[PDB]
Every structure is written in C-alpha cells, then in structure tokens.
Amino acid sequence: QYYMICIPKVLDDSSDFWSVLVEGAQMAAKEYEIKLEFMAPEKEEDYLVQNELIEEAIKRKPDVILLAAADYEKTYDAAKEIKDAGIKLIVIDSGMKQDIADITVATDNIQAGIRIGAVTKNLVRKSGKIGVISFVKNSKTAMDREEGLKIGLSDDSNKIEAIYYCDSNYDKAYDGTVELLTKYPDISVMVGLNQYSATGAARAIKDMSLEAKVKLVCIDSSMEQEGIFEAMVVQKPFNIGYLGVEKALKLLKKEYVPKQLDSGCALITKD
C-alpha cells in the first residue's frame, strides 16, 4: 500500500473548506486503498509549525506528501527537503514561489478575485467605497485573490478604502470590520476573501445594524455555505483533495500528469 501524508494549512472543521478537502482526499484513499495520514498546525498562519510538521512528515518515509503551503516564500525552507528524501510533492490549494511541486491542484484564485471584483465594480457604479477583509497576507491564495480583486475593479480599484488582514481568525475579521466601518462611513461594500474573513464581516455588519447599508460579497468555502451576502465565489474543496490523491497515483505509476490542474469555482449572486 502507498503511504501519503496530507498537510493542510489547518484541520479546523468549523472550516467548511478544510473539512471537505479532507473528505475528498479520504474518499480517494478509500477508493484507491491508500494509507493516508493528516498533520496540520492549529492556525493557518503558523508556517514555522507547518515547516516542523513537514520535516516530521519526511521522517515518516511516506511515498507522497500533499501540502497546502502556509507561506508563499518560507514554506520552501522545509519543503525543499521533500524531493531529495525521495518523496513526491503535490501542492493542494496554496502554492510556493519556488517551483518544486510535482503537481499543483488549486482554484484559479486570480480569476476568483477578478469575478468578485467585477461584481463589486457594478455595486459601486454610482457611488460607495469598498472595504476588504483578507486572511493571511503571505499565503499565495490571499495574494492571488486580492490581485484578482483589483484587476476585476479596473479604474474603480482606487475605491478600496482599506485592506485588513484577519489571518483566518473569525474574531479578527469581526474587529477589523468594526474598525473599517467605523473609520470609513463611506464604505457601502465589504469584501471577505475567505470564509473566516466573510463570516466575521457578516456578523459585525449584523451587530452594527448596517445590513441594508453595507453589502457583502466574498470568496467562500463550498456549495454548502446563507444570505445578506449578495454574491459569493464558491470553490470545490472536495475535488482539490480527491484529485490531489488520485493524481499522486499517476506520479508513483510513472505516468503523465499535467503540472497544473484547475479545481474550478462558481459565482452565485442574489438578485
């Protein structure tokens, strides 16, 4: 039996992204008779702890490590040792700047923020400014989302008043939302770039009694996730996990696999 170790950014499971990704990879391991362990820090942003867990992963002598890189530049400090241990690397969800993945399975994050940027441009057509709640500034999925966002806003990208980084923590999302809507009464659209961010913004907007003054759009977990959002981009975490496993299989079989697979996402809109 093949031995694979999955290293998400967290195993939260109030998280509907991380929860379903795990289900998809455990369904693939089931379907293919794979031995699969999970190892993850307690927080998304704890790359130092994620690096320790990769080192630990490597000493377990798995055939494959699947890795959602906590940090676009610093994860490599530990993941650079994976190849040379004779282990296959699949990157799932969130890449590195360094080109070491054997395969990457992710959403197109740039196009996700672009489609939510374009919804937001239409909302502030006449007026309004924009507040953003991001998550972990240095993860590649945050970067691609915020870049996308600004691209889809075109000329209107100067309407972003501020960007707050909650580091994937629901109470920081809430606080930073309160701080922004206090400081910029001209914000008529809030953007949350992941579920933590969006959820904390929607509560804060609720507690502030702003729900018919400030609209909320987000990039979100999955087709599971709810209203007084008025648009959301939904990913396919089940497929990210499923495919990461399945196609790790091709590599070990010495068989052709693309170096990048696009997991796909959809925009839903309240009308």
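Excluded from the calculations below are hydrogen atoms, water molecules and symmetry mates; all remaining heavy atoms, backbone and side chain alike, are included. We number each residue from 1, following the sequence as shown.
- Residues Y32 and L249 meet the side-chain proximity criterion, which asks for heavy atoms closer than 4.5 Å.
- Using modelled atom types, one side-chain atom of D12 and one backbone atom of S14 make a donor-acceptor pair closer than 3.5 Å.
- Contact check for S139 versus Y72: no side-chain heavy atoms found under the 4.5 Å cut-off.
- When all heavy atoms of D93 and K9 are compared, the pair lying nearest together is OD2-NZ, 3.6 Å.
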Full working for side-chain hydrogen bond (donor to acceptor under 3.5 Å, both in side chains) between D77 and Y47:
CA-CA 10 Å; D77 292 335; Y47 79 78; 5.8 Å; no
Assess the residue pair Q98 and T75 against the criterion (side-chain contact (heavy atoms from CB on, under 4.5 Å)); give the C-alpha distance rounded to whole Å, side-chain angles, the decisive distance to 0.1 Å, and a yes or no.
CA-CA 9 Å; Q98 303 88 344; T75 296; over 6 Å; no
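- In the hydrophobic cluster analysis, where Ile, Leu, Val, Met, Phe, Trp and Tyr join through side-chain heavy atoms closer than 4.5 angstrom, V10 is grouped together with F17.
- Using a 4.5 Å cut-off between side-chain heavy atoms of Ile, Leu, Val, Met, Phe, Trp and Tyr, with links allowed through other members, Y170 and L180 fall into different hydrophobic clusters.
- The two atoms that bring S197 and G192 nearest to each other are CB-CA, 3.8 Å, heavy atoms only.
- Heavy-atom minimum distance, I219 versus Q235: CG2-NE2, 4.3 Å.
- Partner of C6 under the side chain to side chain contact (heavy atoms under 4.5 Å, CB included) criterion, out of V245, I92, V22: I92 alone.
- At least one side-chain heavy atom of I7 sits under 4.5 Å from a side-chain heavy atom of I5.
- Within a 6.0 Å sphere centred on CD of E42, other residues, nucleotides and ligands contribute 12 heavy atoms or fewer.
- Distance alone, capped at 3.5 Å, places no donor-acceptor pair between the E45 side chain and the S168 backbone.
- Aromatic rings of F135 and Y196 (six-membered ring for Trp) have centroids beyond the 6.0 Å cut-off, not under it.
- If you take OG1 on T107 and CG on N239, they are separated by 10.0 Å, rounding to the nearest 0.5 Å.
- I110 and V91 fall into different hydrophobic clusters, defined by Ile, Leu, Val, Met, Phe, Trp and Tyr side-chain heavy atoms under 4.5 Å apart, directly or through other members.
- In terms of heavy-atom proximity, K150 sits nearest to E146 at NZ-OE2, 3.0 Å.
- Considering NZ of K250 and CD of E246, their distance stands at 7.5 Å, rounded to 0.5 Å.
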Ignoring hydrogens and angles, write down the donor-acceptor pairs under 3.5 Å from the side chains of residues 53-71, residues two or more places apart or on other chains.
| from | atom 1 | to | atom 2 | distance (Å) |
| --- | --- | --- | --- | --- |
| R60 | NH1 | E37 | OE1 | 2.7 |
| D63 | OD2 | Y3 | N | 3.0 |
| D71 | OD1 | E73 | N | 3.0 |
| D71 | OD1 | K74 | N | 2.9 |

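- Contact check for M4 versus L252: side-chain heavy atoms found under the 4.5 Å cut-off.
- A donor-acceptor pair is defined here as one N or O able to donate and one able to accept, closer than 3.5 Å; no such pair exists between the side chain of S157 and the backbone of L153.
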Worked verdict on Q225 versus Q195 for side-chain contact (heavy atoms from CB on, under 4.5 Å)
CA-CA 9 Å; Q225 315 292 49; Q195 184 199 337; 2.9 Å; yes
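- Rounding to the nearest 0.5 angstrom, the gap separating the CD atom in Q111 from the CZ atom in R115 is 8.0 Å.
- Listed by chain and number, the residues in a side chain to side chain donor-acceptor pair (under 3.5 Å) with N109 are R145 (sequence neighbours excluded).
- Neither side chain, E179 nor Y164, offers a donor N or O lying under 3.5 Å from an acceptor on the other.
- For the atom pair CH2 (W18) and CG (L11), the distance works out to 9.0 Å, reported to the nearest 0.5 Å.
- Counting only heavy atoms from C-beta outward, the side chains of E23 and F238 approach each other to under 4.5 Å.
- Residue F229 holds its CZ atom at 15.0 Å from NZ of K215, rounded to the nearest 0.5 Å.
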Report all side-chain donor-acceptor pairs from residues 257-271 shorter than 3.5 Å, counting only partners two or more places apart or in another chain.
| from | atom 1 | to | atom 2 | distance (Å) |
| --- | --- | --- | --- | --- |
| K259 | NZ | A101 | O | 3.1 |
| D262 | OD1 | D108 | N | 3.2 |
| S263 | OG | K236 | O | 3.4 |

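- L216 and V189 are members of different hydrophobic clusters when ILVMFWY side chains are connected at heavy-atom separations under 4.5 Å.
- With a 4.5 Å cut-off on side-chain heavy atoms, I90 and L251 count as touching.
- For the pair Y2 and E33, the minimum side-chain heavy-atom distance is 4.5 Å or more.
- A side chain to side chain contact (heavy atoms under 4.5 Å, CB included) with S94 is found for exactly one of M143, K140, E44, namely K140.
- Judged purely by atom type and a 3.5 angstrom limit, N158 uses its side chain to pair as donor or acceptor with the backbone of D155.
- Summarising the geometry of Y76 relative to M96, their closest heavy-atom pair is N-SD, 3.7 Å, with the distance given to 0.1 Å.
- Once rounded to the nearest 0.5 Å, the distance linking CD of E230 with CE of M190 reads 13.0 Å.
- Linking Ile, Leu, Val, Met, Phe, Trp and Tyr residues whenever their side-chain heavy atoms come within less than 4.5 Å leaves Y174 and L193 in two separate clusters.
- Within a 6.0 Å radius of CD in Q1, other residues, nucleotides and ligands contribute more than 12 heavy atoms.
- Inter-residue side-chain proximity for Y165 and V136 is flagged as unmet; no heavy-atom pair is nearer than 4.5 Å.
- Checked against salt bridge (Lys or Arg N to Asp or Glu O under 4.0 Å), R203 has no partners two or more places apart in sequence or in another chain.
- By the 6.0 Å contact criterion, CE on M27 is open, its count of non-hydrogen atoms from other residues, nucleotides or ligands being 12 or less.
- Within 6.0 Å of the NZ atom in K43, the count of heavy atoms belonging to other residues, nucleotides or ligands does not exceed 12.
- Residue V20 comes nearest to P237 through the heavy atom pair CG1-CG, 3.6 Å, listed as atom of the first residue, atom of the second, then distance.
- Although no hydrogens or angles enter the test, the distance criterion places a donor-acceptor pair under 3.5 Å between the side chain of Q50 and the main chain of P8.
- With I187 as the partner, the side chain to side chain contact (heavy atoms under 4.5 Å, CB included) test is satisfied by one option alone out of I160, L210, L181: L181.
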Can you list, pair by pair, the side-chain donor-acceptor contacts under 3.5 Å of residues 117-134, counting residues two or more places apart and other chains?
| from | atom 1 | to | atom 2 | distance (Å) |
| --- | --- | --- | --- | --- |
| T120 | OG1 | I116 | O | 2.9 |
| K121 | NZ | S154 | OG | 2.8 |
| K129 | NZ | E161 | OE2 | 3.3 |

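- Applying the salt bridge (charged side-chain N to carboxylate O under 4.0 Å, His left out) test to pairs two or more places apart or on separate chains, those with a residue in residues 164-175 are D167-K172.
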